[PDB]
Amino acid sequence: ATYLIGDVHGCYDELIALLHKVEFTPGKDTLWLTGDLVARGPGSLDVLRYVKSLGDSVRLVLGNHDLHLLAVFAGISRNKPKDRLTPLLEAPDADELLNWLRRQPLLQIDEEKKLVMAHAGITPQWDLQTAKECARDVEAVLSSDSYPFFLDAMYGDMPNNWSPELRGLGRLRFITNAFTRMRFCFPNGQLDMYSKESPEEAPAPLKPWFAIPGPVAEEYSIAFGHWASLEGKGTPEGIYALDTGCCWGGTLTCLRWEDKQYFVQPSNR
């Protein structure tokens, strides 16, 4: 079976309880995770140890909090106490865990399922070939010995409009924001990097990225996490918003792909 779970955010106990509910069995089943494995919840260390141990039985994409953790580890960014990352950062296997994390994808594609997953979704300004090329480019910098330089460059809100002519810092920053920070778009597809509200509460003319027809979403289903104020609802057919805010006192959501059946684990906090 194929299971897709939204943002875990250190909620190890809820993750394991949900996997036990569906009797997740590596070797018979595969788990897809939308990223943001870490921060806010108490168990980021246990989450990373477990997910790394799954190997080929898990298909992860990196989220914005996973990248922030890497930046803290590399000394690029300051540790925020509310993220509760210190047990992971101080663990004796922190190097092993975080060198594994930075080699994971930003984009997962399964052609037989016609299924795409990224942390924030797929901007409507991208076709599939462009999304693949951009994912490959940023995965290459994150997996290289020089990844702290890119982590430092990644911060920023501009440019917010895609062009194949984009180069350099702006190109990488756009790619990172599209895959890991996107929520709202302007009508032409341009990213808005400020509004984090639910679609009903957003100022006009902002609309969800998935409300703008794009070439990937016309051919593939898209699963994503990230947008907790969406509460996993309000999406079109073929769009699966899996982040139901477990670390915020909401729920952890698991979707089984074969029958589109949902399973929910209440937050323990």
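Heads up: residue numbers just count along the shown sequence, starting at 1.
Student: Averaging the C-alpha B factors as listed in the entry, name the stretch that ends up higher: 180-188 or 69-77.
Tutor: Going by the record's values, the stretch with the higher mean is 180-188.
Student: So, looking at the entry's B-factor column for Cα atoms, which has the higher mean, 32-40 or 202-210?
Tutor: On average, C-alpha B-factors are higher across 202-210.
Student: Say you rank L88, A135, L101, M158 by Cα B-factor from the PDB entry; which sits at the top?
Tutor: Comparing C-alpha B-factors across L88, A135, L101, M158, the maximum falls on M158.
Student: Say you rank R84, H119, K113, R167 by Cα B-factor from the PDB entry; which sits at the top?
Tutor: The record points to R167.
Student: Could you say whether, by C-alpha temperature factor, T244 belongs to the lowest, middle or highest third of its chain?
Tutor: Middle third by C-alpha B-factor.
Student: Which third of the chain holds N268 when residues are ordered by C-alpha B factor: lowest, middle or highest?
Tutor: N268: CA B-factor falls in the highest third of its chain.
Student: Looking at the entry's B-factor column for C-alpha atoms only, identify whether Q108 ranks in the lowest, middle or highest third of its chain.
Tutor: Lowest third - that is where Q108 ends up once the chain's C-alpha B-factors are sorted.
Student: Quick check on the deposited entry: does the C-alpha B-factor of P26 sit in the lowest, middle or highest third of its chain?
Tutor: According to the entry, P26 has a C-alpha B-factor in the chain's middle third.
Student: Lowest, middle or highest third: where is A94 by C-alpha B factor in its chain?
Tutor: Tercile = middle for this residue's CA B-factor.
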